[PDB]
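Worksheet for the structure shown next.
Note that these values count all heavy atoms, side chains included, but never hydrogens, waters or copies made by symmetry. Within every chain, numbering begins at 1; the chains are lettered A, B, ... in the order of the sequence lines, protein sequences first and strands thereafter.
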Amino acid sequence: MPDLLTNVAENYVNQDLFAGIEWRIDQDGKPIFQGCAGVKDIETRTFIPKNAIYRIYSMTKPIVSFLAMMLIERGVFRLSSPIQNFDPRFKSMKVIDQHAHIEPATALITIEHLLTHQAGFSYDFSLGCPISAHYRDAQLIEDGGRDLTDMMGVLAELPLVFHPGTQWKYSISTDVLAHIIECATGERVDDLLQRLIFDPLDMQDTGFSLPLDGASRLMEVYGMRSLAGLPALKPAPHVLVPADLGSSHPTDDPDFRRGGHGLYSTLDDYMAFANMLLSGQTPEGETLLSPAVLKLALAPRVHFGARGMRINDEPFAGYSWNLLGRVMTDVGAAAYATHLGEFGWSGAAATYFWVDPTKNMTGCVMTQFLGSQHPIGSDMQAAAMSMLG
Amino acid sequence: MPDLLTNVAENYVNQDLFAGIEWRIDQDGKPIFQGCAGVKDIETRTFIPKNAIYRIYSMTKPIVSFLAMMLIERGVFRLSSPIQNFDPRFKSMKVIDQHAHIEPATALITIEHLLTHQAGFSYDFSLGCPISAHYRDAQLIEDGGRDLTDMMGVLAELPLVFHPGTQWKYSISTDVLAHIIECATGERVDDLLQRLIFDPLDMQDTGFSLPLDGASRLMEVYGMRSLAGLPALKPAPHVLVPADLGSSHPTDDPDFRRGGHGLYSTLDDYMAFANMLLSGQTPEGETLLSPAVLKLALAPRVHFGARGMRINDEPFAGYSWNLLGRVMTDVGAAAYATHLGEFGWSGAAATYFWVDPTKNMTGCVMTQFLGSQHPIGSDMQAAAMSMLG
Amino acid sequence: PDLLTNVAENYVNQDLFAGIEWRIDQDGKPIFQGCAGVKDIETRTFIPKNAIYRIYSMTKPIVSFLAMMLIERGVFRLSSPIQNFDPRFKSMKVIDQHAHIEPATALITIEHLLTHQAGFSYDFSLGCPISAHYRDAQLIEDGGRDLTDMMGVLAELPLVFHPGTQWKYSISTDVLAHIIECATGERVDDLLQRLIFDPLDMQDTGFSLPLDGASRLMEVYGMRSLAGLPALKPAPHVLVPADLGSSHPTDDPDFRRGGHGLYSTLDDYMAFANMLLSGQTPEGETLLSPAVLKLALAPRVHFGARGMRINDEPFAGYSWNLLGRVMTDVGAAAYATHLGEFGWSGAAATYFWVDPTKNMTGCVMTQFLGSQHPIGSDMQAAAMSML
Ligand SMILES: C[C@H](C(=O)O)c1cccc(C(=O)c2ccccc2)c1
Ligand SMILES: C[C@H](C(=O)O)c1cccc(C(=O)c2ccccc2)c1
Ligand SMILES: C[C@H](C(=O)O)c1cccc(C(=O)c2ccccc2)c1
């Protein structure tokens with residue numbers, strides 16, 4: 001019953017493992033626990049500003065996935081839609097394996113494959129993956145200044161690493177999804193996110209560029225995990241040194257937009273999104289997604305074998321995959337406190353959130369550390385679970 | 001919360017993909033959404049008439065299957081009854097495989113096998129099926145003027161494509177069921193349907209021939225999918241050209257009757273049948289099928305492997321098979337909005353219906369297009385699901 | 001008809017190879033031989049007398065034979081763990097295509113090196129979980145790095161399977177050359193000179209050019225590049241001179257490798273191939289006993305349905321012995337051969353074979369990297385058909 005959340009965060013700051021941390025836990029749509037620890041940057045020790053801004057990386061994916069579900073509801077496409085219907089550059093895909101064998105794909109990539117990371121795409125930083133070296137040579141993630149549409153043209157020429165539908169591998173497929181959304185609608189994904197999600201939820205600080213007053217609110221990002229170079233064979237030491245993002249994550253590029261990363265947000269903005277996922281509605285009662293399609297989106301859809309869900313061989317114990325991210329399907333296999341049906345996702349800079357329908361609960365932890373050797377997100381979830389009976 | 005049903009239907013009509021569409025959604029036995037779009041025929045653009053008549057094709061199957069369950073309840077036969085007990089022409093069946101090997105069947109075909117499409121029968125238009133070419137040579141479906149009893153004599157001489165009970169393949173077995181009903185009762189299947197189902201439910205426009213005033217109400221049927229010829233290796237283009245049914249679907253043949261297709265019906269008539277499936281009762285409370293046997297009929301009975309339920313390799317994602325048609329058994333595998341336990345079926349001319357017990361809901365979409373490249377039925381179900389919370 | 005000349009002249013006439021030499025011996029004496037084309041298409045110089053070729057992986061049967069001689073002499077044995085000779089190869093790790101890394105559950109042995117079952121990879125192995133890290137380390141590209149130092153960099157990288165459990169064509173012959181140096185205290189080039197080249201009078205074979213060698217070196221063509229990533233589809237087969245960077249020096253007195261790097265001539269390599277019919281020099285001096293030669297030639301790795309493959313190219317009907325390929329099923333073979341035919345080939349399209357049933361040897365010398373045409377096998381097939 002003590003405040004384990006503050007204890008976790010203060011200990012991380014006091015041990016020089018994270019510069020600054022913010023968190024909020026809501027229940028029934030209202031804050032029940034919240035706090036902050038540390039500073040905006042350790043170089044000057046400026047205090048965490050009001051409505052501090054974070055690079056949320058793959059916490060972009062549940063947002064872009066939710067947009068796709070809205071467009072499915074509105075009839076733009078369906079889960080079974082072949083993506084080549086919208087961009088013929090994804091016609092005639094090939095599949096490569098670890099033995100240098102290449103053959104034509106025997107199934108078409110669908111919207112559902114993109115949402116479930118079963119399309120056969122890879123990721124630039126996937127260690128040991130048969131094709132990731134070719135992704136890195138193409139600078140798919142590193143070259144943030146390249147237009148989404150043009151990056152997709154380069155990706156489309158590369159082989160998949162399995163036949164669509166047959167395996168699971170966490171991937172660039174959410175970026176493909178953002179692009180296919182643009183093809184299917186004739187609109188830009190950032191404009192669609194603004195009009196259909198951010199504005200109805202009053203997420204005024206969320207987007208692919210900083211707000212006008214955003215520079216002074218941007219949290220510094222730390223860590224040794226590097227985008228420029230080969231995936232490491234052992235984790236870099238966990239040290240608070242400012243991270244060099246190269247040109248991968250611009251702050252003021254009006255055309256920068258992605259599906260798998262790239263949003264800036266705030267704790268308050270992301271909690272508005274997370275709370276919405278408990279119902280599909282805005283706080284006033286506008287429906288962003290009907291209950292039936294929200295249930296379709298949250299139902300466990302990819303189930304895993306004995307070794308479970310893994311990303312670069314890191315486990316997500318007891319989790320299955322739904323159309324928006326992870327979902328807890330076996331508390332008896334879980335590695336940290338949770339409840340059946342808890343869902344959410346996380347980002348490369350150690351941001352983390354969850355939604356727990358059994359407790360009408362949402363939680364989010366914001367920090368900026370790339371390559372963390374400490375699972376701060378899960379530690380904060382566990383603390384909150386222990387505090388909510 | 002907008003009227004997604006009207007949007008789906010109007011868009012289909014405005015894009016010249018369907019000539020005319022009617023739909024109705026009922027909840028608690030009363031209409032909650034309904035509409036119509038387009039025309040009876042694009043040649044004259046005559047408006048959709050009152051109580052327009054549709055060829056419902058395989059939406060005949062749930063009706064004939066329901067009749068069989070009524071006869072099981074009344075003791076005429078049982079699920080385990082070997083059909084050869086009623087027609088010895090189905091004694092001594094043979095089984096053929098894709099390697100030209102023929103051997104005697106090692107199990108007897110039962111009523112249950114017929115209801116579950118596990119008897120080993122095929123269908124004339126089954127692409128790649130070892131025996132479908134012999135079905136087509138025999139004109140089993142094409143020759144609508146042939147008496148059901150005589151068509152069955154020709155079918156009975158052909159081999160099955162697997163041993164009864166061992167596999168699932170959507171088939172002519174509902175026509176065998178209609179015939180075996182005639183053998184077991186000494187009555188005609190159309191008279192039994194009239195007396196036991198249509199008349200109690202006041203389905204006055206449903207039958208294997210047009211009503212006296214029916215000609216002016218019959219919707220035109222469109223599409224390129226052809227009965228006369230080999231199953232196509234790629235889908236014919238989706239174009240609104242009137243379809244030539246040959247002699248396969250007579251309008252005024254007093255002896256035409258089948259189990260798997262051939263009924264004419266109306267939106268209002270079919271909704272009466274669908275609403276009945278929520279309880280087994282007529283609106284006044286007469287019992288057509290007891291709750292226990294209705295539960296037996298709706299329980300998931302055939303379960304599918306990783307590739308799922310497929311018909312000509314088209315998927316029915318998340319569906320299992322019960323004694324009347326499809327039933328949703330995993331929302332997390334579903335490809336469009338649904339709820340656990342949703343059941344129903346559909347027909348070759350794109351008619352579609354569903355029953356959703358979790359919402360006390362029924363829905364039906366009526367149109368006439370053979371070989372549709374657009375899944376209008378599932379699109380309308382998804383719209384209705386999104387509108388009903 | 002002279003099928004050999006017809007194959008070679010067609011290859012030259014279609015602008016697919018600049019110059020080709022071949023010789024086929026039976027009972028130690030030439031029965032077929034010829035040349036076609038030129039040393040270089042730029043100046044159209046004729047193929048010189050005693051023309052010199054980069055033989056690339058035809059280095060491997062020579063270094064493997066040396067290892068068998070050292071086994072016979074007791075320096076080490078097939079079962080020797082290589083970590084006994086270089087402890088940098090203690091505590092190896094294994095990586096897989098799912099980013100999982102774990103300790104190796106078996107020690108790498110001499111036999112593993114000779115059979116490419118040690119778990120090593122190659123820089124240009126397309127799709128291989130670890131080849132990107134080989135290329136980042138420039139293991140093959142950096143020819144000026146001493147063998148010993150290159151091995152230190154390699155030893156820190158994970159294997160791609162547990163030693164002994166799979167087959168993958170690999171840098172393991174370079175590891176073998178290095179372990180030979182550790183075990184003997186001598187350099188591999190000096191050992192090759194004393195034990196093989198001098199007894200066989202292979203005066204033009206070595207890791208550097210002879211003093212008069214520059215004018216005899218054949219030009220090398222092709223677009224397959226060591227620099228960048230392995231290509232997802234073959235580069236066009238066009239006669240453009242190849243850029244070897246610093247991978248294959250001509251006059252570095254310390255350059256030595258196990259898997260590539262020798263210069264040789266047609267005559268020199270035929271002396272080596274003819275020796276493999278007996279283990280003896282033409283004068284009758286024994287280089288390797290009959291018993292150990294049999295041990296070296298016996299089929300040792302057998303392959304599944306996919307068969308033996310290197311970057312997914314098949315070697316149909318071939319198994320692997322301690323020196324290279326060996327034909328074990330003529331009914332699976334894709335070109336004329338006999339049971340027991342053995343040999344190997346190199347990246348610049350050089351090829352040789354030994355056919356014990358016919359007391360026959362053959363070698364085709366050319367210089368083309370990334371060939372889209374199997375000139376070696378076409379010439380073997382032509383020679384087989386002319387018997
Ligand atoms: C998967 C990972 C995440 O969001 O978890 C992700 C997605 C997209 C981009 C990036 C990066 O920019 C990055 C930065 C430093 C090192 C490696 C990658 C990381
Ligand atoms: C399976 C299919 C259905 O009801 O789904 C069906 C059942 C019975 C008859 C027919 C046809 O007449 C037909 C018409 C045109 C092309 C192919 C078949 C079609
Ligand atoms: C496997 C291959 C062979 O001998 O078959 C080989 C072994 C060693 C070195 C090289 C190269 O230098 C090279 C040159 C151009 C392209 C790629 C590699 C090639």
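Screening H101(A), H99(A), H134(A) against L126(C) for a side-chain contact (heavy atoms from CB on, under 4.5 Å) leaves a single residue, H134(A).
Around atom CD of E157(A), no more than 12 heavy atoms belonging to other residues, nucleotides or ligands sit under 6.0 Å away. Summarising the local packing, CG of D147(A) is surrounded by more than 12 heavy atoms from other residues, nucleotides or ligands at distances under 6.0 Å. The environment of CD in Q166(C) is crowded: more than 12 heavy-atom neighbours from other residues, nucleotides or ligands sit within 6.0 Å.
With a threshold of 4.5 angstrom between heavy atoms, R309(C) does not approach chain A through any atom at all. Of the atoms belonging to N312(A), heavy atoms from both backbone and side chain fall under 4.5 Å from chain C.
For the options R136(A), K169(A), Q98(A), heavy-atom pairs under 4.5 Å to chain C are most numerous at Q98(A). Contact tally against chain A (heavy-atom pairs below 4.5 Å) for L232(C), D136(C), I101(C), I95(C): the top residue is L232(C).
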